[PDB]
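**Student:** Starting off with a structure, shown below.
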Amino acid sequence: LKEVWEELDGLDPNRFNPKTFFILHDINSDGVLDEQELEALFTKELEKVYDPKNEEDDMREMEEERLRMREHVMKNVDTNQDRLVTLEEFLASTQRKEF
Numbered sequence: 001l002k003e004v005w006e007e008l009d010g011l012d013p014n015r016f017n018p019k020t021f022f023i024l025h026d027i028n029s030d031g032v033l034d035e036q037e038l039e040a041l042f043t044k045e046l047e048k049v050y051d052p053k054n055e056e057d058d059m060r061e062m063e064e065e066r067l068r069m070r071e072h073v074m075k076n077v078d079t080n081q082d083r084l085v086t087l088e089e090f091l092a093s094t095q096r097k098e099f
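So that you can map any letter, position 7 of the sequence shown is 7 in the authors' numbering, and since no number is skipped, the others follow by simple counting.
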């Protein structure tokens, strides 16, 4: 097992791969993400950072953050505004570098 300090050059043709991030987030494997998948993805992100329990206060003033994501995604990713995002139109919002 010779680890050795690896050193890529020219940047291997292994371009990024946003396609997999779309799969891992596809829980019901519907090929699309609706307001029910983003609803759970926002409340859960707080689980990996905040720390709720049985109190009602710290989870209100910061509410400005939940709207910050629900809006930026619904505004910067919504392609044909159908509350539903398909893999096709979604790739565009990303693939189209000029944007």
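The beta-carbon is built from N, C-alpha and C at its ideal position, and this holds for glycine as well.
Which of the three DSSP states, helix, strand or coil, is assigned to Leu1?
**Tutor:** coil
**Student:** What's the C-alpha gap between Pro52 and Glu39?
**Tutor:** 17 Å
**Student:** Please classify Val85 as buried or exposed, where buried requires at least 16 neighbouring CB atoms within 10 angstroms.
**Tutor:** buried
**Student:** Using 7 Å as the threshold, is the C-beta distance between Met69 and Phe42 below it?
**Tutor:** yes
**Student:** Going by the CB atoms, is the gap between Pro13 and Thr94 shorter than 7 Å?
**Tutor:** no
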